[PDB]
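upload.csv (CSV, C-alpha atoms) appears below.
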```
chain,number,residue,atom,x,y,z
A,1,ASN,CA,-34.1,-167.9,-73.6
A,2,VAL,CA,-35.4,-166.8,-76.9
A,3,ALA,CA,-37.2,-170.1,-77.6
A,4,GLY,CA,-37.7,-173.5,-75.9
A,5,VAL,CA,-33.9,-173.8,-75.5
A,6,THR,CA,-31.6,-171.4,-73.9
A,7,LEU,CA,-28.8,-169.6,-75.8
A,8,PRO,CA,-25.4,-168.5,-74.5
A,9,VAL,CA,-24.5,-164.8,-74.7
A,10,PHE,CA,-22.0,-162.6,-73.0
A,11,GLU,CA,-21.8,-159.0,-71.7
A,12,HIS,CA,-18.9,-156.5,-71.7
A,13,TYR,CA,-18.6,-156.2,-67.9
A,14,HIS,CA,-16.3,-153.3,-67.1
A,15,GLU,CA,-14.6,-154.7,-63.9
A,16,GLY,CA,-12.8,-151.4,-63.6
A,17,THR,CA,-9.2,-151.9,-62.5
A,18,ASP,CA,-7.1,-148.8,-62.9
A,19,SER,CA,-5.0,-148.5,-66.1
A,20,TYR,CA,-1.2,-148.2,-66.1
A,21,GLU,CA,0.5,-144.8,-66.3
A,22,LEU,CA,3.3,-145.3,-68.8
A,23,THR,CA,5.3,-142.1,-68.4
A,24,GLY,CA,8.7,-143.4,-69.5
A,25,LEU,CA,9.0,-143.7,-73.3
A,26,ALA,CA,9.1,-139.9,-74.1
A,27,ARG,CA,5.6,-139.7,-72.5
A,28,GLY,CA,3.2,-139.6,-75.5
A,29,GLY,CA,0.2,-139.7,-73.1
A,30,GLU,CA,-2.2,-138.6,-75.9
A,31,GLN,CA,-1.1,-141.5,-78.0
A,32,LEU,CA,-1.5,-144.0,-75.2
A,33,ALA,CA,-5.0,-142.7,-74.2
A,34,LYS,CA,-6.1,-142.8,-77.9
A,35,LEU,CA,-4.8,-146.3,-78.3
A,36,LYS,CA,-6.6,-147.4,-75.1
A,37,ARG,CA,-9.9,-145.9,-76.3
A,38,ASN,CA,-9.6,-147.5,-79.8
A,39,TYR,CA,-8.7,-150.9,-78.4
A,40,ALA,CA,-11.6,-150.7,-75.9
A,41,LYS,CA,-14.0,-150.1,-78.8
A,42,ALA,CA,-12.4,-153.0,-80.6
A,43,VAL,CA,-12.9,-155.2,-77.6
A,44,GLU,CA,-16.5,-154.3,-77.2
A,45,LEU,CA,-17.3,-155.0,-80.8
A,46,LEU,CA,-15.5,-158.3,-80.6
A,47,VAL,CA,-17.4,-159.3,-77.5
A,48,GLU,CA,-20.6,-158.5,-79.3
A,49,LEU,CA,-19.7,-160.7,-82.3
A,50,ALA,CA,-18.6,-163.5,-80.0
B,1,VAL,CA,-97.4,-173.2,-82.4
B,2,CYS,CA,-98.8,-176.7,-83.1
B,3,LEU,CA,-97.0,-179.2,-80.9
B,4,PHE,CA,-96.6,-183.0,-80.9
B,5,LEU,CA,-95.1,-185.2,-78.1
B,6,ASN,CA,-94.2,-188.9,-78.2
B,7,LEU,CA,-92.6,-190.2,-75.0
B,8,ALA,CA,-90.0,-193.0,-75.2
B,9,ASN,CA,-92.4,-195.6,-73.7
B,10,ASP,CA,-95.0,-195.1,-76.4
B,11,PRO,CA,-95.5,-197.6,-79.2
B,12,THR,CA,-92.9,-197.5,-81.9
B,13,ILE,CA,-95.6,-197.3,-84.6
B,14,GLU,CA,-96.7,-194.0,-83.0
B,15,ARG,CA,-93.1,-192.8,-83.4
B,16,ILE,CA,-92.8,-193.7,-87.1
B,17,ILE,CA,-96.3,-192.2,-87.8
B,18,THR,CA,-95.8,-188.9,-86.0
B,19,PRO,CA,-93.4,-187.0,-88.2
B,20,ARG,CA,-95.4,-187.6,-91.4
B,21,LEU,CA,-98.5,-186.3,-89.6
B,22,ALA,CA,-96.5,-183.2,-88.6
B,23,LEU,CA,-95.3,-182.7,-92.2
B,24,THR,CA,-98.8,-183.1,-93.6
B,25,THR,CA,-100.4,-180.5,-91.3
B,26,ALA,CA,-97.5,-178.2,-92.1
B,27,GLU,CA,-98.2,-178.6,-95.8
B,28,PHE,CA,-101.8,-177.9,-95.3
B,29,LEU,CA,-101.2,-174.8,-93.2
B,30,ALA,CA,-98.5,-173.5,-95.5
B,31,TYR,CA,-99.7,-174.2,-99.1
B,32,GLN,CA,-103.5,-174.5,-98.9
B,33,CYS,CA,-103.4,-171.5,-96.6
B,34,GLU,CA,-100.8,-168.8,-97.3
B,35,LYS,CA,-98.3,-169.2,-94.4
B,36,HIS,CA,-94.6,-169.5,-93.8
B,37,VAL,CA,-93.9,-172.5,-91.6
B,38,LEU,CA,-90.8,-173.5,-89.6
B,39,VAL,CA,-90.9,-177.2,-88.8
B,40,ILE,CA,-88.6,-178.5,-86.1
B,41,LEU,CA,-87.8,-182.2,-85.7
B,42,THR,CA,-85.9,-183.7,-82.7
B,43,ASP,CA,-83.8,-186.8,-82.6
B,44,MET,CA,-84.6,-188.6,-85.8
B,45,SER,CA,-82.2,-191.4,-84.7
B,46,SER,CA,-85.2,-192.7,-82.7
B,47,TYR,CA,-87.2,-192.6,-85.9
B,48,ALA,CA,-84.5,-194.7,-87.5
B,49,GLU,CA,-84.8,-197.1,-84.5
B,50,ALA,CA,-88.5,-197.4,-85.1
B,51,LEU,CA,-87.7,-198.1,-88.8
B,52,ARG,CA,-85.4,-200.9,-87.6
B,53,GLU,CA,-88.2,-202.2,-85.5
B,54,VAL,CA,-90.8,-202.4,-88.3
B,55,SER,CA,-88.1,-203.9,-90.6
B,56,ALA,CA,-87.4,-206.6,-88.0
B,57,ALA,CA,-91.1,-207.3,-87.7
B,58,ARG,CA,-91.4,-208.0,-91.4
B,59,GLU,CA,-88.3,-210.2,-91.3
B,60,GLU,CA,-86.2,-208.3,-93.9
B,61,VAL,CA,-82.5,-209.0,-93.8
B,62,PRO,CA,-80.5,-206.2,-92.2
B,63,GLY,CA,-77.6,-204.5,-93.9
B,64,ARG,CA,-75.2,-201.8,-92.8
B,65,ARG,CA,-75.0,-201.5,-89.1
B,66,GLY,CA,-78.3,-203.3,-88.8
B,67,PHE,CA,-80.2,-200.7,-90.9
B,68,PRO,CA,-82.4,-201.5,-94.0
B,69,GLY,CA,-80.9,-200.3,-97.3
B,70,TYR,CA,-84.1,-198.4,-98.2
B,71,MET,CA,-83.9,-196.2,-95.2
B,72,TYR,CA,-82.1,-193.7,-97.4
B,73,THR,CA,-85.2,-193.3,-99.6
B,74,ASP,CA,-87.4,-193.3,-96.5
B,75,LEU,CA,-85.5,-190.4,-95.1
B,76,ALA,CA,-85.7,-188.7,-98.5
B,77,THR,CA,-89.5,-189.1,-98.1
B,78,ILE,CA,-89.4,-187.4,-94.7
B,79,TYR,CA,-87.3,-184.7,-96.4
B,80,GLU,CA,-87.9,-182.7,-99.6
B,81,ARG,CA,-91.1,-181.1,-98.3
B,82,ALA,CA,-89.5,-177.7,-98.3
B,83,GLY,CA,-88.8,-174.7,-100.6
B,84,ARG,CA,-91.2,-172.3,-102.2
B,85,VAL,CA,-93.6,-173.1,-105.0
B,86,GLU,CA,-94.8,-170.9,-107.9
B,87,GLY,CA,-98.4,-169.7,-107.7
B,88,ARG,CA,-98.1,-169.5,-103.9
B,89,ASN,CA,-96.6,-167.0,-101.5
B,90,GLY,CA,-95.8,-169.6,-98.8
B,91,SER,CA,-92.8,-171.6,-97.7
B,92,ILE,CA,-91.7,-174.5,-95.6
B,93,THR,CA,-88.3,-175.0,-93.9
B,94,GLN,CA,-87.0,-178.1,-92.0
B,95,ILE,CA,-84.5,-177.9,-89.1
B,96,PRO,CA,-84.1,-181.4,-87.7
B,97,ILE,CA,-81.7,-182.5,-85.0
B,98,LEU,CA,-79.6,-185.7,-84.7
B,99,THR,CA,-77.8,-187.7,-82.1
B,100,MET,CA,-74.3,-188.6,-83.4
B,101,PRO,CA,-73.1,-192.0,-82.1
B,102,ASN,CA,-69.7,-191.5,-80.6
B,103,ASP,CA,-68.7,-188.5,-82.8
B,104,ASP,CA,-68.6,-190.6,-86.0
B,105,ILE,CA,-69.2,-188.6,-89.1
B,106,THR,CA,-69.0,-191.7,-91.3
B,107,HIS,CA,-72.0,-193.3,-89.5
B,108,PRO,CA,-74.8,-194.0,-92.0
B,109,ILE,CA,-77.3,-191.6,-90.4
B,110,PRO,CA,-75.4,-188.3,-90.4
B,111,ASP,CA,-73.7,-189.2,-93.7
B,112,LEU,CA,-76.9,-189.8,-95.6
B,113,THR,CA,-78.5,-186.7,-94.0
B,114,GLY,CA,-75.6,-184.6,-95.2
B,115,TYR,CA,-76.0,-186.2,-98.7
B,116,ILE,CA,-79.6,-184.9,-98.7
B,117,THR,CA,-79.2,-181.6,-96.8
B,118,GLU,CA,-77.7,-178.2,-97.6
B,119,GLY,CA,-75.5,-177.6,-94.6
B,120,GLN,CA,-75.0,-178.4,-90.9
B,121,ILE,CA,-74.4,-176.7,-87.5
B,122,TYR,CA,-72.0,-178.4,-85.1
B,123,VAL,CA,-72.0,-178.5,-81.3
B,124,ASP,CA,-68.7,-179.1,-79.5
B,125,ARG,CA,-68.1,-180.7,-76.1
B,126,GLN,CA,-65.3,-178.4,-75.1
B,127,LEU,CA,-67.5,-175.3,-75.5
B,128,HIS,CA,-70.2,-177.0,-73.3
B,129,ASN,CA,-67.5,-177.6,-70.7
B,130,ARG,CA,-66.6,-173.9,-71.0
B,131,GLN,CA,-70.1,-172.9,-69.7
B,132,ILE,CA,-71.1,-171.1,-72.9
B,133,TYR,CA,-74.8,-171.6,-73.1
B,134,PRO,CA,-74.9,-171.8,-77.0
B,135,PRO,CA,-72.2,-174.4,-77.6
B,136,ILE,CA,-72.2,-173.8,-81.4
B,137,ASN,CA,-68.8,-174.4,-83.0
B,138,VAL,CA,-69.1,-172.3,-86.2
B,139,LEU,CA,-65.9,-173.5,-87.8
B,140,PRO,CA,-66.9,-176.9,-89.4
B,141,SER,CA,-70.4,-175.6,-89.9
B,142,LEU,CA,-71.4,-174.3,-93.3
B,143,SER,CA,-74.6,-173.0,-95.0
B,144,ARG,CA,-74.8,-173.5,-98.8
B,145,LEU,CA,-77.3,-170.7,-99.5
B,146,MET,CA,-75.7,-167.7,-97.8
B,147,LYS,CA,-75.2,-165.7,-101.0
B,148,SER,CA,-79.0,-165.3,-101.6
B,149,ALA,CA,-80.4,-165.3,-98.1
B,150,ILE,CA,-78.7,-161.9,-97.4
B,151,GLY,CA,-78.1,-158.7,-99.3
B,152,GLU,CA,-79.0,-155.0,-99.5
B,153,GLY,CA,-82.7,-155.7,-100.0
B,154,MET,CA,-82.2,-158.1,-97.1
B,155,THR,CA,-81.0,-157.3,-93.6
B,156,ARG,CA,-78.0,-155.2,-94.9
B,157,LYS,CA,-75.4,-155.0,-97.6
B,158,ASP,CA,-72.3,-155.2,-95.3
B,159,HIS,CA,-73.5,-158.5,-93.8
B,160,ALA,CA,-71.7,-160.9,-96.1
B,161,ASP,CA,-68.4,-159.0,-95.8
B,162,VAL,CA,-68.7,-158.9,-92.0
B,163,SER,CA,-69.4,-162.6,-91.8
B,164,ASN,CA,-66.5,-163.6,-94.0
B,165,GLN,CA,-64.1,-161.3,-92.2
B,166,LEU,CA,-65.2,-162.6,-88.8
B,167,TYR,CA,-64.8,-166.2,-89.8
B,168,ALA,CA,-61.3,-165.7,-91.3
B,169,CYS,CA,-60.0,-163.7,-88.3
B,170,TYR,CA,-61.4,-166.2,-85.9
B,171,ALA,CA,-59.5,-168.9,-87.7
B,172,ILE,CA,-56.3,-166.8,-87.6
B,173,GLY,CA,-56.9,-166.2,-83.9
B,174,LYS,CA,-57.2,-169.9,-83.1
B,175,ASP,CA,-54.0,-170.4,-85.0
B,176,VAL,CA,-52.4,-167.6,-83.0
B,177,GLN,CA,-53.4,-169.2,-79.7
B,178,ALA,CA,-51.7,-172.3,-81.0
B,179,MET,CA,-48.7,-170.2,-81.7
B,180,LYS,CA,-48.7,-168.8,-78.2
B,181,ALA,CA,-48.9,-172.4,-76.8
B,182,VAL,CA,-45.2,-172.8,-77.6
B,183,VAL,CA,-43.5,-169.5,-78.6
B,184,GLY,CA,-44.4,-167.7,-75.4
B,185,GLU,CA,-46.2,-164.4,-74.9
B,186,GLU,CA,-43.0,-162.3,-75.1
B,187,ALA,CA,-42.2,-163.6,-78.6
B,188,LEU,CA,-45.6,-162.3,-80.0
B,189,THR,CA,-46.2,-159.2,-82.0
B,190,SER,CA,-48.9,-156.5,-81.5
B,191,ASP,CA,-50.9,-158.2,-84.2
B,192,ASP,CA,-51.0,-161.5,-82.3
B,193,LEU,CA,-52.1,-159.7,-79.1
B,194,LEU,CA,-54.9,-158.1,-81.2
B,195,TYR,CA,-56.0,-161.5,-82.5
B,196,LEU,CA,-56.0,-163.1,-79.0
B,197,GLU,CA,-57.9,-160.2,-77.4
B,198,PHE,CA,-60.4,-160.2,-80.3
B,199,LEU,CA,-60.9,-164.0,-79.9
B,200,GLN,CA,-61.4,-163.7,-76.2
B,201,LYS,CA,-64.0,-160.9,-76.5
B,202,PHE,CA,-65.6,-162.8,-79.4
B,203,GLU,CA,-66.5,-165.9,-77.3
B,204,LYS,CA,-67.3,-163.5,-74.4
B,205,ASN,CA,-69.9,-161.5,-76.4
B,206,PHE,CA,-70.7,-162.8,-79.9
B,207,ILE,CA,-71.2,-166.4,-79.0
B,208,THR,CA,-72.8,-166.1,-75.5
B,209,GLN,CA,-76.4,-164.9,-75.7
B,210,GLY,CA,-78.3,-166.0,-72.6
B,211,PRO,CA,-81.3,-168.3,-72.3
B,212,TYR,CA,-83.7,-165.4,-73.1
B,213,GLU,CA,-81.8,-162.6,-74.9
B,214,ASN,CA,-83.7,-162.2,-78.2
B,215,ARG,CA,-81.1,-160.3,-80.3
B,216,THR,CA,-82.3,-158.6,-83.5
B,217,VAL,CA,-80.1,-159.1,-86.6
B,218,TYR,CA,-79.1,-155.4,-86.7
B,219,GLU,CA,-78.0,-155.7,-83.1
B,220,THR,CA,-75.8,-158.7,-84.0
B,221,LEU,CA,-74.2,-156.8,-86.9
B,222,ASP,CA,-73.6,-153.8,-84.6
B,223,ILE,CA,-71.9,-156.1,-82.1
B,224,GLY,CA,-69.8,-157.6,-84.9
B,225,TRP,CA,-68.8,-154.1,-86.0
B,226,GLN,CA,-67.8,-153.1,-82.5
B,227,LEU,CA,-65.6,-156.2,-82.2
B,228,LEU,CA,-64.1,-155.5,-85.6
B,229,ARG,CA,-63.1,-152.0,-84.6
B,230,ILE,CA,-60.5,-153.5,-82.3
B,231,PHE,CA,-58.3,-154.3,-85.2
B,232,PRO,CA,-56.8,-151.3,-87.0
B,233,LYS,CA,-58.1,-150.1,-90.3
B,234,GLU,CA,-55.6,-151.8,-92.6
B,235,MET,CA,-56.0,-155.4,-91.4
B,236,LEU,CA,-59.5,-155.6,-92.7
B,237,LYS,CA,-58.5,-157.5,-95.9
B,238,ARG,CA,-61.9,-159.0,-96.6
B,239,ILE,CA,-63.7,-155.7,-96.3
B,240,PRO,CA,-64.2,-153.6,-99.4
B,241,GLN,CA,-63.1,-150.0,-98.9
B,242,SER,CA,-66.4,-148.3,-99.4
B,243,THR,CA,-68.1,-150.3,-96.7
B,244,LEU,CA,-65.2,-149.6,-94.4
B,245,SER,CA,-65.6,-145.9,-95.0
B,246,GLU,CA,-69.3,-146.0,-94.4
B,247,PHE,CA,-69.4,-148.2,-91.3
B,248,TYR,CA,-66.0,-148.3,-89.5
B,249,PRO,CA,-66.1,-144.7,-88.4
```
Will you turn the file into structure tokens for me?
Amino acid sequence: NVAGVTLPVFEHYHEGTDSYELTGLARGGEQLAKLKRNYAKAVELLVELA
Amino acid sequence: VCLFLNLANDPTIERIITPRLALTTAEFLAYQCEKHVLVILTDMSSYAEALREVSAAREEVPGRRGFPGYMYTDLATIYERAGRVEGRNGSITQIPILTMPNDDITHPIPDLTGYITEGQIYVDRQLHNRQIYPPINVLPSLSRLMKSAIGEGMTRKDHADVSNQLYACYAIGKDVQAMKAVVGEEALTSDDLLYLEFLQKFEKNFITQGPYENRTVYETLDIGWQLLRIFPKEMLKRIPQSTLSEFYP
């Protein structure tokens, strides 16, 4: 409530379910962890813009 | 002190006669004898009522609001008995009081009085309801001869600057209270808090005097400086730098 009227905003609430071990496709675990991190940053930025 | 009283139940002719008697004794005591005299008149609206009475007795046709037209020149006669005169070291100064009917500035009495006076001091109902013993509202008030009444040879050099700054920042403070009325306290800046606190302390101290506190002019200027020191140095836009260096620290 920044003024007389109330504005809608959102928060990146990390619910925290465990990720998925994908150890089948030659097991590039480094690549998967890096991808997860990058997309997490993307999601946070997108939530902020939203 | 030379005092005159005229109760309400007295003859009206006594009422019309009295102020001229007061003015003549003032003139004698001030000019024929070297004195400086402060004349105070109370509630000239009753003098106007007596003027209406004598007009009705003579059977002259009333005009605006039941007042004779020549009352303007009559009031001029009761005025213009002031100012200094060459060849004399004395002075005379009139400070009358009026009863405004229903807060109407366009009523003939105050309007004409303003046409033949050099300023006015207001009294506001809200301040009286706020239990501030001097209810003076200094915003609409104005004195036309400030520039010569004060100065370095006078009370002090910094007086005019202090007065102007005080007036301007009070205006801004009233505006900031209006701002707070809607925007909320959390949406304010530090500057707005400074203005509000300054305003509050100002009516607390500068305006309130007490029924017997005889403050000297230097004391009033000191109080003003103390209140000014609340704001930081840079916001004193109306203050020349030299005075700020001399007095602010």
Query - Point (-93.9, -176.7, -92.0), cut-off 9 Å, counting all atoms listed in the file, residues as JSON, numbers by chain - result: {"B": [22, 23, 24, 25, 26, 27, 28, 29, 30, 36, 37, 38, 39, 40, 81, 82, 91, 92, 93, 94]}
Compile a residue-level contact table for chain B against chain A at a cut-off of 10 Å, reporting for every qualifying residue the shortest atom pair and its distance in Å to one decimal, with all atoms listed in the file counted, rows ordered by chain and ascending number, as CSV.
```
residue,atom,partner,partner_atom,distance
B:182,CA,A:4,CA,7.7
B:183,CA,A:3,CA,6.4
B:184,CA,A:3,CA,7.9
B:186,CA,A:2,CA,9.0
B:187,CA,A:2,CA,7.7
```
Query raised in the report: Can you tell me, as a PyMOL selection string, what residues are no more than 12 Å from residue 244 (chain B) when counting only C-alpha atoms, ignoring any on the same chain fewer than 5 positions away?
Result: chain B and resi 157-158+161-162+165+225+228-229+232-239+249
Write the residues of the selection above to a file with C-alpha atoms, as a compact mmCIF listing (two decimals), keeping the file's coordinate frame.
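result.txt written:
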```txt
# COMPACT_ATOMS: atom_id res chain seq x y z
CA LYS B 157 -75.40 -155.00 -97.60
CA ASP B 158 -72.30 -155.20 -95.30
CA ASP B 161 -68.40 -159.00 -95.80
CA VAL B 162 -68.70 -158.90 -92.00
CA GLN B 165 -64.10 -161.30 -92.20
CA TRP B 225 -68.80 -154.10 -86.00
CA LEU B 228 -64.10 -155.50 -85.60
CA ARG B 229 -63.10 -152.00 -84.60
CA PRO B 232 -56.80 -151.30 -87.00
CA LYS B 233 -58.10 -150.10 -90.30
CA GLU B 234 -55.60 -151.80 -92.60
CA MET B 235 -56.00 -155.40 -91.40
CA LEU B 236 -59.50 -155.60 -92.70
CA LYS B 237 -58.50 -157.50 -95.90
CA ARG B 238 -61.90 -159.00 -96.60
CA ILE B 239 -63.70 -155.70 -96.30
CA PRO B 249 -66.10 -144.70 -88.40
```
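The space between CA of residue 20 (chain B) and CA of residue 101 (chain B) spans 24.6 Å.
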Query raised in the report: Which neighbours of region 48-50 of chain A fall inside 10 Å, counting only C-alpha atoms, when residues of the same chain fewer than 6 positions from it are skipped, and could you give them as an MDAnalysis selection string?
Result: chainID A and resid 9:12 42
Now that the selection is made, can you save its residues with C-alpha atoms as a tab-separated table (two decimals), in the coordinates of the input?
```tsv
chain	number	residue	atom	x	y	z
A	9	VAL	CA	-24.50	-164.80	-74.70
A	10	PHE	CA	-22.00	-162.60	-73.00
A	11	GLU	CA	-21.80	-159.00	-71.70
A	12	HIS	CA	-18.90	-156.50	-71.70
A	42	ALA	CA	-12.40	-153.00	-80.60
```
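When CA of residue 72 (chain B) is paired with CA of residue 103 (chain B), their separation reads 20.5 Å.
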Query - Length of the CA of residue 219 (chain B) to CA of residue 193 (chain B) vector [Å] - result: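 Taking CA of residue 219 (chain B) as the start and CA of residue 193 (chain B) as the end point, the length is 26.5 Å.
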Query raised in the report: Near region 62-67 of chain B, within 10 Å and counting all atoms listed in the file, which residues show up once chain neighbours fewer than 5 positions away are dropped, as a list in words?
Result: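 The neighbour list is residues 48, 49, 51, 52, 53, 55, 56, 72, 107, 108 and 109 of chain B.
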Would you save the residues from that selection as a PDB file, in the coordinates of the input, using C-alpha atoms?
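out23.pdb, written as the output of this step:
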```pdb
ATOM      1  CA  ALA B  48     -84.500-194.700 -87.500  1.00  0.00           C
ATOM      2  CA  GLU B  49     -84.800-197.100 -84.500  1.00  0.00           C
ATOM      3  CA  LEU B  51     -87.700-198.100 -88.800  1.00  0.00           C
ATOM      4  CA  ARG B  52     -85.400-200.900 -87.600  1.00  0.00           C
ATOM      5  CA  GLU B  53     -88.200-202.200 -85.500  1.00  0.00           C
ATOM      6  CA  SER B  55     -88.100-203.900 -90.600  1.00  0.00           C
ATOM      7  CA  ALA B  56     -87.400-206.600 -88.000  1.00  0.00           C
ATOM      8  CA  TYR B  72     -82.100-193.700 -97.400  1.00  0.00           C
ATOM      9  CA  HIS B 107     -72.000-193.300 -89.500  1.00  0.00           C
ATOM     10  CA  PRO B 108     -74.800-194.000 -92.000  1.00  0.00           C
ATOM     11  CA  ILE B 109     -77.300-191.600 -90.400  1.00  0.00           C
TER      12      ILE B 109
END
```
**Report entry** Contacts of region 16-22 of chain A within 10 Å, all atoms listed in the file, excl. fewer than 3 positions in-chain, as a ChimeraX atom specification
**Finding:** /A:13,25-29,32-33,36
Query raised in the report: Could you list as a count of residues only every residue that has an atom within 10 Å of (-69.6, -184.0, -79.6), using the file's coordinates and counting only C-alpha atoms?
Result: 13
